[PDB]
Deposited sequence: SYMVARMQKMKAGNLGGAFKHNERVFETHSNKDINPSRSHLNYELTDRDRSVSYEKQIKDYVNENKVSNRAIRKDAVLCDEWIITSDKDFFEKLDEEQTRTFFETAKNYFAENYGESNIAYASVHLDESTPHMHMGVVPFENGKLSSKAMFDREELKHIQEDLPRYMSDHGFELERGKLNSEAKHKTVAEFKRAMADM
């Protein structure tokens, strides 16, 4: 079965709306809303925008103030096909998502992992994990998540997952498939 991993570039403007989904202030049921779990040691009340800025500001090497259009984090999505989460119990659910969080902690840094919101109230159990691209005193997604790196991630991470009792396969190498938005993909299934 296919291992699904995809980041989206997250700036201050769109971090408003991304935080506004990740915690609740219409494809969801409120009956399943609880039980959902956060996988970092972050303060529930504090927003991502405030957490990350201050984490960078205090840790950044250069004195040049943070640019307005900066990539503050990269909300990676970890999920798979529905046949995968069926053969998984409730405590193996936690074990699956924690190895995902770990891969990005082992290769890209521990306190870089700003959040890890797990959603069980949508169609598939999926984690929204936001990785801050802070390395060598620099904040750059351009330098951390480049062309070379995402090819490695698509190769290495599923093979890392297969070292932990889970049975997956990497997505089709050198794919030609273009990302369809949730609204687009829904419509892409309205006709067949």
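Against the full deposited sequence, the model leaves out just one stretch, namely 26-31.
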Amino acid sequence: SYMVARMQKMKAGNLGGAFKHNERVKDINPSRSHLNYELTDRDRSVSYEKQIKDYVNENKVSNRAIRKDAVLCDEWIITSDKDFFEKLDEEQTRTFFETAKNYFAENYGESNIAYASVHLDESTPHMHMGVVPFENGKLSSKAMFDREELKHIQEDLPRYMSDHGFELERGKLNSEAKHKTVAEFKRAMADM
From here on, numbers count along this sequence of modelled residues.
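By rigid core we mean the largest C-alpha set that fits within 1.5 Å across both forms.
Comparing the two stretches 171-179 and 14-22 by root mean square C-alpha distance in 5 other deposited structures of this protein, with all structures fitted on the core, the more displaced one is 14-22. Remark: when the other structures in 5 other deposited structures of this protein are fitted onto this one via the rigid core, 116-124 deviates more than the alternative among 95-103 and 116-124, judged by RMS CA distance. Stretches compared: 150-158, 26-34. Higher mean C-alpha B-factor in the entry: 26-34. For the two regions 139-147 and 120-128, the entry's Cα B-factors average higher over 120-128. When the CA B factors of the chain's modelled residues are split into thirds, the value for residue 178 lands in the lowest one. Among all modelled residues in this chain, the alpha-carbon of residue 61 has a temperature factor (C-alpha) in the middle third. Among the modelled residues of the chain, residue 20 sits in the highest third by CA temperature factor in this PDB entry. Remark: residue 102 belongs to the middle third of its chain, ranked by C-alpha B-factor as recorded. Per the deposited record, the Cα B-factor of residue 74 falls in the lowest third when ranked against the other modelled residues of its chain.
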